[PDB]
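In: sharing an experimental structure here, sequence included.
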Amino acid sequence: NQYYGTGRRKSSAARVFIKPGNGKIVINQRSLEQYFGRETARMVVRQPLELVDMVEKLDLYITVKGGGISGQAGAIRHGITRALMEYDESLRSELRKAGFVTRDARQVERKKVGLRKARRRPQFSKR
Amino acid sequence: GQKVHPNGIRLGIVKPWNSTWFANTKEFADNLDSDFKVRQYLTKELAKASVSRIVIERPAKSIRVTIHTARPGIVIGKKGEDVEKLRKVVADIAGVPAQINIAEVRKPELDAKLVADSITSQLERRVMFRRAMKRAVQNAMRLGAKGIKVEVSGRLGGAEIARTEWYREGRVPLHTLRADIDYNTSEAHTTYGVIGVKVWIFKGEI
Amino acid sequence: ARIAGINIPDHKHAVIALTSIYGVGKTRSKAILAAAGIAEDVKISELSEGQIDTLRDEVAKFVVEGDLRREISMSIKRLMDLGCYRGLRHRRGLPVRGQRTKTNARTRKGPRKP
Amino acid sequence: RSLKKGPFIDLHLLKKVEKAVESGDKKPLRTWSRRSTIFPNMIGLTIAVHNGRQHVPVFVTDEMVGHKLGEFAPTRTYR
Amino acid sequence: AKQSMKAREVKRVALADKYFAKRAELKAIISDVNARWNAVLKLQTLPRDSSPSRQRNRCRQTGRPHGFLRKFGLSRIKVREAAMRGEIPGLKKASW
Amino acid sequence: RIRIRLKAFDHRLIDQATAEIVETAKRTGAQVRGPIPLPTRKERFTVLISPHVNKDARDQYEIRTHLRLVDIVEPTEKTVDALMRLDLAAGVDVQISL
Amino acid sequence: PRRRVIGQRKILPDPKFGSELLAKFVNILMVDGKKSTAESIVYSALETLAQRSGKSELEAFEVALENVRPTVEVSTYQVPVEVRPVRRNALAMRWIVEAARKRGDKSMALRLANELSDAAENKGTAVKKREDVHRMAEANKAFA
RNA sequence: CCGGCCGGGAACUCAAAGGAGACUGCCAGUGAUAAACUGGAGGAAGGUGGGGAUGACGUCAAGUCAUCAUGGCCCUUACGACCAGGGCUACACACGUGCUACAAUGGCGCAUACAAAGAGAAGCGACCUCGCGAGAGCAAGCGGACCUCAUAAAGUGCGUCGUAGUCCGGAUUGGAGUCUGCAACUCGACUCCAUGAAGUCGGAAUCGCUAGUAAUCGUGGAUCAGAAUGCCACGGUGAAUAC
């Protein structure tokens, strides 16, 4: 029918919609190889679909915003694994075991006063 | 020099603000400086009245100054000519039509402004500091006051070196943020210079 | 390849071998090859002789080697003979354009003495 | 440099230059106004420019014209 | 900070809203692509403190020139003192 | 139609005030949308905490301005008569622009 | 490391060959957080390595890296100590990459393809680093 | 009109308010049957989850009398006040902290993708026209999840350069300008043309960092008429290693 996952990763947000069907991926009205598939690691949006395979299983209409390249990609990975409530809690044994349902809650650490960035302390002279 | 002001770290937690107006950036500085003038005036002209707080709020082009004091009768006076005089001059300062109210601070020995002003007054009447501090801690612990700490400092008894000599009784949990710590501070201009009086009063745990 | 003087550049793209002429950088070189109707990435080898003296005819319209060196020298001499701030400053060998001489005036002032 | 619209001189220096060229170059001029671009009518005058402590005389040659006054009056004495 | 300096500041503001914003009109309107005469460039014999680029923005309470904050109108020292007492509304410690 | 946009420094105070304006309006008139929240403006100030040198000791502060939007639809005369002169809020700026 | 015994974090394998070994090799090669550039260099260099040696991809890589793995490494004593396997191939990759940065060819894919090819018949620079380490631990064998 | 553009839908992202959640709570083992530790399940998170705020009694007679307040001393036709010009920007030198480099994991040209956080009325200033450009003219919209600043850049895909002090590097200097401001000479910022040093990875020594960290890439803000390579913030890519 229509199966949803929220799926966010360092300032991104990937709405993942799943219908059963072919093996196509539609991201922001754009194909996978044209969105970021000219770039690094388009494999990670396909990692949840190699735990049991996507060969001709389900068409997924996904819509991500915020973040960078890798942020959006990790957001779609988490979005698909949140959106594999298509099949029941079976998958979420093995899908838990690959470490995919974990929201990777690493965010950029704030800059702190008297430090040039988050931990790089400015260099100190003689003693 | 290392402790946070124990009113400022509790401003959203338990303690309220003494100014509760909203203003955009065009009049924030002007409203703020107008508050410095009305607290400066209204602090100087009620020096005998034992005033604790003066709370400003501005509901739609009009000030609403609330004087938390321990002696409301001396602020109001024989039929309240002193109040209408004060709102006349506060209306002169702020430039808005002024209202003014008086809230009676009963139990005045549990208010840190009144305690610090008390010990400061006694120090500039040339009494010994250990009596002022120690009496203040005793009579404050006598009525409620789950803790109190007073701390005078600076050239005490007319010395040529400056000490502190704080006292405390009970529990004053100053790193606990839900503690209702009433802290305030005064300065005693003696003939030897300034003597700083701080006083923390722990009232309750929430 | 002997264009605009004794300058003989070669075996290099024409936008860049023209930069050997004292008084043409990248912009002016794009202007020469565009004004002479020449592609930007041809060499001087693989370029005809009529084509070369169209480049001579174009490079002649800007102040280059000798005229430019004596024009610059003339400007600096005018300043140093006025005895203005820029001339005294130009004369002592210290930075002109209001820079820091307490430290780090070192191109203009030369490698450090004692 | 500066200024697409007009060069700059002070109005008091304008009047002192007009009166200085009308009645002939008689004396050096006390000028504090170093802000001021030398005009072609100022050629031949001796205008003393203030350098913080001293009015130093500047005889105006023809090629002074695209310049401020204070260029010809150094303020720091380095030895 | 030196009474004289605060008085000097009030002089500069009073001249700033007497002459200019009324004859600063000149520098906005006549120094322009219209004709020209040298005249209005020379009509800056206005008393030089009418220029609004000569206010310093001193602290409202202590007249301190540095460390000013335009929102509060105070130096950083009186911003902190008043901020902690609670006279600046809404303002509190920040942590994120 | 009639947007009332409220701003205050205290979120309890602004949602009290907007709850009062909502039940006032839809009690008297009709067709109130609801208190839409509209992002909080956090203005941060980083002062030097010492009266002399010591850059690295600084104190960070903030003012959070909260908005709420109401957007009352029906222009009843009863809701604009009853909507005026009834705020009882002290630190709220309202904008009742049509 | 004073107190804290640690875990380790899991790296994603290589997107072309599924090799976490080669994934750590593109992390050893990466500079300034630019991973795309480094994996381009590794794919080009190992692709010409597989074309030159004619074997395959990561067994040519695994042979060329098998020739540079140290066996053991080194009052001031320089004792010989047995290298752990993760440290073994970590040092292997660090020496290959460092020696490839030392070379004087054109592109990084040629410097590293020629360095892995020079390590396949174990005559390059990283093998001289391995023989150097093994001369230090072989000379000082007297401390165990 | 293929643009959430419209009618519309309130699911979803999100906004902001209110709640739930994580406590060694459960299991196994070790332990004085105690504290606890080690491991496991569930779970978004697992053991003070990450970060911040919070800095005990005191030490350095540490810093500030120049933010302010203040005892005493001192000047009170002056050590007070007003003004213009100058200086704080000086330069044989030495040290600190940074930026930009020495390049091919790059330089340049063309196309093209993905942010977060902010500021704005004496302000931010679209569109359109002119200028190579900094900018100029007319001038909407916005006191602002609506408008403007404002195109993120590293990335990617093509082409070129080819190990050269070079298509590296940009200092320095000449000329021509724009803007702000009474006024850019001392003494701004930026632009255009030209110039094109030193520098080929840094001696003794020394510093920072334990994971969204270092590294690297941009963006914003405060002060401010104009002036950041600094400061304070924000996100993009994203390591190595800990016996």
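Out: Received, thanks. Numbering: from 1, shown residues only, chains lettered A, B, ... in the order given.
In: tell me, how many residues neighbour the residue of chain C found nearest chain E?
Out: Nearest to chain E, among the residues of chain C, is residue C:98, at 21.1 Å (CB to the nearest CB). (Each C-beta comes from the backbone N, C-alpha and C, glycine too.) Residue crowding around residue C:98 was assessed by other CB atoms under 10 Å in any protein chain shown; the count is 9.
In: three-state assignment of it?
Out: Put simply, residue C:98 is coil when judged by DSSP: H, G, I helix; E, B strand; the rest coil.
In: how close does it get to chain D?
Out: 12 Å (CB to the nearest CB, to the nearest Å).
In: okay, that residue and chain A: tell me how far apart.
Out: In this structure, residue C:98 and chain A are 29 Å apart, going by CB to the nearest CB.
In: same question for residue D:78.
Out: Distance of residue D:78 to chain A, given as CB to the nearest CB: 31 Å.
In: which helix or strand contains that residue?
Out: Using DSSP states H and E, residue D:78 sits within no helix or strand.
In: who are the contact partners of residue D:42?
Out: Applying CB atoms under 8 Å, 6 or more residues apart in numbering or on different chains to residue D:42 gives the contacts D:17, D:21, D:60, D:64, D:65.
In: rerun that using 6 Å as the cut-off
Out: In this structure, residue D:42 makes contact with D:17, D:60, judged by CB atoms under 6 Å, 6 or more residues apart in numbering or on different chains.
In: same check, this time on residue C:87
Out: Applying CB under 6 Å, 6+ apart, we find residue C:87 in contact with C:79, C:80.
In: helix or strand right after the longest helix seen in chain B?
Out: Looking across chain B with DSSP state H, the single longest helix is helix B:28-44. The helix or strand immediately downstream of helix B:28-44 is strand B:51-55, counting by DSSP H and E.
In: which other residues reach that next one?
Out: With CB under 6 Å, 6+ apart as the test, strand B:51-55 has contacts from B:18, B:39, B:42, B:66, B:67, B:68, B:69, B:105, B:111, B:113, B:114.
In: mind putting the residues you listed into a markdown table with distance to residue F:53?
Out: Putting these into a markdown table (distance: CB to CB, whole Å) gives the following:
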| residue | distance to residue F:53 |
| --- | --- |
| B:18 | 32 |
| B:39 | 31 |
| B:42 | 37 |
| B:66 | 41 |
| B:67 | 40 |
| B:68 | 39 |
| B:69 | 41 |
| B:105 | 41 |
| B:111 | 37 |
| B:113 | 33 |
| B:114 | 37 |
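In: in TSV: those residues, plus secondary structure and distance to residue D:55.
Out: Below are the contacts of strand B:51-55 laid out as TSV (DSSP: H, G, I helix; E, B strand; the rest coil; distance: CB to CB, whole Å):
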residue	secondary structure	distance to residue D:55
B:18	coil	60
B:39	helix	55
B:42	helix	58
B:66	strand	66
B:67	strand	64
B:68	strand	67
B:69	strand	67
B:105	coil	71
B:111	coil	69
B:113	helix	63
B:114	helix	67
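In: and those, which is closest to chain C?
Out: residue B:39 (48.1 Å).
In: excluding covalently adjacent residues, which one is nearest to the residue of chain E found nearest chain F?
Out: Per CB to the nearest CB, residue E:90 is where chain E lies closest to chain F, at 3.2 Å. Closest residue to residue E:90 apart from its sequence neighbours, by CB to CB, 6 or more residues apart in numbering or on different chains: residue F:9 at 3.2 Å.
In: also residue F:30?
Out: Excluding the flanking residues, the one nearest residue F:30 by CB to CB, 6+ apart is residue F:74, at 4.6 Å.
In: hmm, residue G:119 and residue G:64 touching each other?
Out: Yes - using CB atoms under 6 Å, residue G:64 makes contact with residue G:119 at a distance of 4.4 Å.
In: separation between the residue in chain A positioned nearest to chain B and chain C?
Out: Of all residues in chain A, residue A:113 sits closest to chain B, at 15.3 Å by CB to the nearest CB. Relative to chain C, residue A:113 is positioned 29 Å away (CB to the nearest CB).
In: just the strands in chain D please.
Out: Counting by DSSP state E, one finds strands in chain D at the ranges D:29-31, D:46-50, D:55-59.
In: so which of those is nearest residue F:45?
Out: strand D:46-50 (44.4 Å; CB to CB).
In: quick one: is that closest one near RNA strand H?
Out: Yes - if you take CB under 7 Å from any atom of the strand as the test, strand D:46-50 does meet RNA strand H, through residue D:50.
In: and that strand, which residues are buried?
Out: Neighbour-count burial for strand D:46-50 flags D:47, D:48, D:49, D:50 (criterion: 16 or more other CB atoms under 10 Å in any protein chain shown).
In: brilliant, that's me finished.
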